[PDB]
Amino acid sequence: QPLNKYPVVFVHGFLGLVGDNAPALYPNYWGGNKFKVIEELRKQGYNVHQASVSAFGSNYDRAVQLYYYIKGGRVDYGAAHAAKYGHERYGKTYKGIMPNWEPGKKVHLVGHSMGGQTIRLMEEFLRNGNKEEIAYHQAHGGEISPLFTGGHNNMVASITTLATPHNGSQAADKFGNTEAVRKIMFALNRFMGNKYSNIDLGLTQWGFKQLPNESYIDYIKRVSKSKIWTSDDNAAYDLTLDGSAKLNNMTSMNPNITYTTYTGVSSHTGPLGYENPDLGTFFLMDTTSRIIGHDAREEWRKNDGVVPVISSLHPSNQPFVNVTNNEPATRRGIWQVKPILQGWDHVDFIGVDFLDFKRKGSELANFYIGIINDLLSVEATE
């Protein structure tokens, strides 16, 4: 007897590790020490979960993983996809949170940042399938994942995104996706693939798991042959303006789903009309904020630390409507864009900014309970 008829699945963004897969010391992703989203919402009678998917992988890989996290089973990225990008077809295997998920039994999906993109792709696959996989299985036989078939409707009630870079971010184009920083990211992944590691950073399909009897030297040599080093099939690429536009171009509005976005601002206009980070922007986002805020295009400047406002409001090529705080958020098939949260940086959405005393736990509690109320109303107005 949970208060919500459909399970709520929260989906972390880039870099996020949750649950058993978080290091020895590491912030609690959903709520920090400010408001324990999963535990508190459960205490209040809601059925909620935190998905665990690849921290460094592509929206594609993450979306497949999200599917298996919900459904249960062995991750299948698709034969065509695997062959085209050069990684394993099969990945980890998940218990499944709802082994009976199928048209009729729905789920609410809420994504922070990159999580918001991942959620869109996965629903796209359920509804319209994956044509390269359909064609490949046509040509060559074998099994095709039900995720890639198409024709699955009535499985997701709602898509809600928080500080999602629907239109990408310059912090990716000018930093995250540069050569030097991809190497840093991939080296970290190589290291955390070592044979004593208990944490999965989400690129093992690329070879980054040291065998028990393999020397580190041999490991280095083996994985430097991996295609990961030059591939676009990774998070860094997908977070770029181009990477995100590509996803926008292959997604579409499902008319039965309730769509809603939230966006934060944590910059202010300086005398030349550039944006600089507010005191209170989590300090690791200082430089990324400046890079965004000093864009040549004025409307690309205001930002939450790492995502510009124009990126987070809605996918630029998809229908939207500006909504008030008080309107029921119950319209289907159109991005309901919630009023910008002033002073909320990118990570204030998940409560991990331990340096920022203006953003209190009770505020964060209200924000999350507000999302649940909207979700309840989606249910009530079916």
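One-based numbering along the sequence shown.
Between the two ranges 344-352 and 42-50, the one averaging a larger CA B factor in the entry: Mean B over CA atoms: larger for 42-50.
Of 129-137 and 205-213, the one with larger mean CA B-factor: Here the higher of the two C-alpha B-factor means belongs to 129-137.
Selection from 156, 285, 163, 184 [criterion: highest C-alpha temperature factor in the record]: Checking the PDB record, the top C-alpha B-factor among 156, 285, 163, 184 is at 156.
Per the PDB entry, maximal CA B factor within 170, 312, 231, 198: Largest recorded C-alpha B-factor: 198.
Modelled-residue ranking by C-alpha temperature factor, third containing residue 98: As the PDB entry reports it, the C-alpha B-factor of residue 98 lands in the highest third of its chain.
CA B-factor ranking of residue 370, expressed as a third of its chain: Middle third of the chain for residue 370's C-alpha B-factor.
CA B-factor ranking of residue 112, expressed as a third of its chain: For residue 112, the deposited C-alpha B-factor lands in the lowest third.
Third of chain Cα B-factors occupied by residue 295: Its C-alpha B-factor, which the entry lists for residue 295, ranks in the highest third among residues of this chain.
Entry-reported Cα temperature factor of residue 22, expressed as the chain third it lands in: Answer is highest: the recorded C-alpha B-factor places it there.
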